Amino acid sequence: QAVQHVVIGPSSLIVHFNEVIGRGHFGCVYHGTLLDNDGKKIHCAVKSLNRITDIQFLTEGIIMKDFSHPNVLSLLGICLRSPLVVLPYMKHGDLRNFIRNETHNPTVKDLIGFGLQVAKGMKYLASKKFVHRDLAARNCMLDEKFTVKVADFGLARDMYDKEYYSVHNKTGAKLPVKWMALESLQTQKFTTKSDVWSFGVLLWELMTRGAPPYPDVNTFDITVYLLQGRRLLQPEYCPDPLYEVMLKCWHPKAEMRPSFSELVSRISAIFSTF
Ligand SMILES: CN1CCN(c2cnc3cc(C(F)(F)F)cc(NCc4cccc([N+](=O)[O-])c4)c3c2)CC1
């Protein structure tokens, strides 16, 4: 109820409804224009929540206001007036689309840096005891300054690409099966260590420039596949030490996996060497 420090004046926001920039299960995302404190016009992304009809409990992602880090998506505010969420505009869309685009030329070193940037955002989130539960290349955003923001959390949580989700049907939980840690597929619960397993998959996505993981393994078999110790193979252009980092993320023992803080050290070292 004490949300007032996040409310945006409706006469201070223009939502360009004719320009859908995204569609999630909870509602569309539009290009918008925001009048900032300094009185300057700024681009923004506005997310409508029209699908959620009854209940409000979603707004218990309001804790995202307290989050602040260059690699985590900030909340600009909410506009009441279907409640609307106002978020920064991300020039290059989701990380995975950006790298999949053949008219783009990210270098091998760009690709590793995107990876490090995510590692830093996850480091920050881990320390605030925040578990993401759906880290993947399609859920990171890339701004004009080519800064990666970890997204799809808090008021921005949604499915923007249902292709890779299963819906549990008993709990309604949305499960991105090919990004999920082994223990998660078995117990259906998520921890920082399961975020670390997903981060590994994210890395692999980067080095393949957004190839689909385990293309020849069907969704059912994925579990025995992992139980047998099979893992994603090294991409043609992934430096040996980086692949080594991926393997650590997928150790069958969660406690055995590196922290996000260790991942920041290792990737940063790799980013500088060569
Ligand atoms: C044609 N273009 C691609 C999309 N465009 C944008 C630009 N900014 C966006 C900002 C957000 C937000 F800040 F809310 F995160 C969301 C967009 N699209 C929905 C979306 C797609 C993929 C992932 C996520 N996400 O929350 O991880 C969200 C956004 C889509 C830019 C121009």
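Residue numbering for chain A follows Swiss-Prot; the residues present correspond to positions 1064-1118, 1123-1148, 1152-1344, in that order.
For this deposited structure, the header notes the method as X-ray crystallography, 2.4 Å.
Including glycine, each Cβ sits where the backbone N, Cα and C put it.
Of the candidates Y1234, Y1307, Swiss-Prot records phosphotyrosine for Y1234; the remaining residues carry no such annotation there, which does not rule it out for them. Per Swiss-Prot, the annotated phosphotyrosine among residues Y1159, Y1230 corresponds to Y1230. ATP is bound by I1084, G1085, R1086, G1087, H1088, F1089, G1090, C1091, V1092 in Swiss-Prot, and the record lists one more residue there from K1103, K1104, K1110, which is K1110. Within the list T1173, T1257, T1289, the entry that Swiss-Prot describes as phosphothreonine is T1289.
Closest to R1086 (ATP binding site) by Cα-Cα distance, out of the recorded positions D1204, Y1230, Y1234, is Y1230.
Among the modified residues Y1230, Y1234, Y1235, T1289, the ones whose Cα sits within 10 Å of the Cα of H1088 (ATP binding site) are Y1230, in sequence order.
Checked against ligand 1, the recorded positions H1088, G1090, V1092, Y1230, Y1235, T1289 give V1092, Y1230 in sequence order as having a Cβ less than 6 Å away from one of its atoms. Taking every pair among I1084, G1085, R1086, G1087, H1088, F1089, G1090, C1091, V1092, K1110, the residues recorded as binding ATP, the greatest CA to CA distance is 14 Å. The two recorded residues, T1289 (phosphothreonine) and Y1235 (phosphotyrosine), show a Cα separation of 10 Å. The Cβ of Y1230 has fewer other Cβ atoms within 10 Å than any other of the modified residues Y1230, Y1234.
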